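What follows is one structure encoded as C-alpha coordinates, with my remarks underneath.
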Amino acid sequence: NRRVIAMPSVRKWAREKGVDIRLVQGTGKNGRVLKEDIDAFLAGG
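Sequential numbering from 126 applies to the sequence shown in UniProt numbering.
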(Lines of atoms letter the chains of each structure in order from A and count residues from 1; the text may use other names and numbers.)
(Lines give C-alpha, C1' and ligand atoms only; values in the text may rest on other atoms or scores of the structure.)
Protein backbone atom coordinates (compact mmCIF):
# COMPACT_ATOMS: atom_id res chain seq x y z
CA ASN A 1 0.00 0.00 0.00
CA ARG A 2 1.40 3.36 -1.10
CA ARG A 3 -1.13 5.20 -3.26
CA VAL A 4 -4.59 5.92 -1.84
CA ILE A 5 -7.69 4.75 -3.69
CA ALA A 6 -10.36 7.27 -4.70
CA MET A 7 -12.11 8.92 -7.64
CA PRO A 8 -10.27 11.81 -9.37
CA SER A 9 -13.21 14.14 -8.69
CA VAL A 10 -13.12 13.08 -5.04
CA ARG A 11 -9.49 14.13 -4.83
CA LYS A 12 -10.32 17.49 -6.39
CA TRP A 13 -13.34 17.74 -4.13
CA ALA A 14 -11.22 17.17 -1.05
CA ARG A 15 -8.47 19.49 -2.27
CA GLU A 16 -11.23 22.05 -2.84
CA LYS A 17 -12.53 21.68 0.72
CA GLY A 18 -9.03 21.45 2.18
CA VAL A 19 -9.25 17.70 2.72
CA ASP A 20 -6.70 15.15 1.53
CA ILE A 21 -7.66 11.68 0.32
CA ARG A 22 -4.56 10.36 2.10
CA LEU A 23 -6.43 11.00 5.37
CA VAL A 24 -9.74 9.50 4.26
CA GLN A 25 -10.50 5.81 4.75
CA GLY A 26 -12.89 5.50 1.83
CA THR A 27 -15.26 2.53 1.80
CA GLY A 28 -15.95 2.45 -1.94
CA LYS A 29 -16.11 -1.29 -2.63
CA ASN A 30 -12.38 -1.83 -2.06
CA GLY A 31 -12.07 1.32 0.03
CA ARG A 32 -12.42 4.04 -2.60
CA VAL A 33 -13.00 7.46 -1.04
CA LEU A 34 -16.18 8.67 -2.75
CA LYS A 35 -17.98 12.01 -2.44
CA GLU A 36 -19.90 10.35 0.39
CA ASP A 37 -16.70 9.54 2.27
CA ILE A 38 -15.36 13.08 1.94
CA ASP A 39 -18.71 14.63 2.85
CA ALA A 40 -18.67 12.30 5.85
CA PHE A 41 -15.09 13.25 6.70
CA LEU A 42 -16.08 16.90 7.09
CA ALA A 43 -19.52 16.16 8.52
CA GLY A 44 -18.23 13.32 10.67
CA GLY A 45 -15.91 14.98 13.15
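Cβ atoms here follow ideal geometry from the backbone N, Cα and C, with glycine treated the same way.
What do you get for residue i, buried or exposed, if any count of 16 or more other CB atoms within 10 angstroms of its CB means buried?
i	result
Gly169	exposed
Could you give the distance in angstroms between the alpha-carbon of residue i and the alpha-carbon of residue j?
i	j	result
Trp138	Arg127	21 Å
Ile163	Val144	8 Å
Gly151	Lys142	16 Å
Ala131	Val149	9 Å
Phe166	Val158	10 Å
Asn155	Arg140	22 Å
Contact check, residue i vs residue j under 8 Å by CB: the rounded distance?
i	j	result
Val135	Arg147	With 8 Å as the limit, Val135 and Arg147 do not qualify as a contact, their Cβ atoms being about 12 Å apart.
According to DSSP, what are the bridge partners of residue i?
i	result
residue 173	Because the chain in this structure spans residues 126 to 170, residue 173 falls outside the shown range and cannot be described.
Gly151	Looking at the DSSP assignment, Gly151 forms no beta bridge with any residue, so it has no partner.
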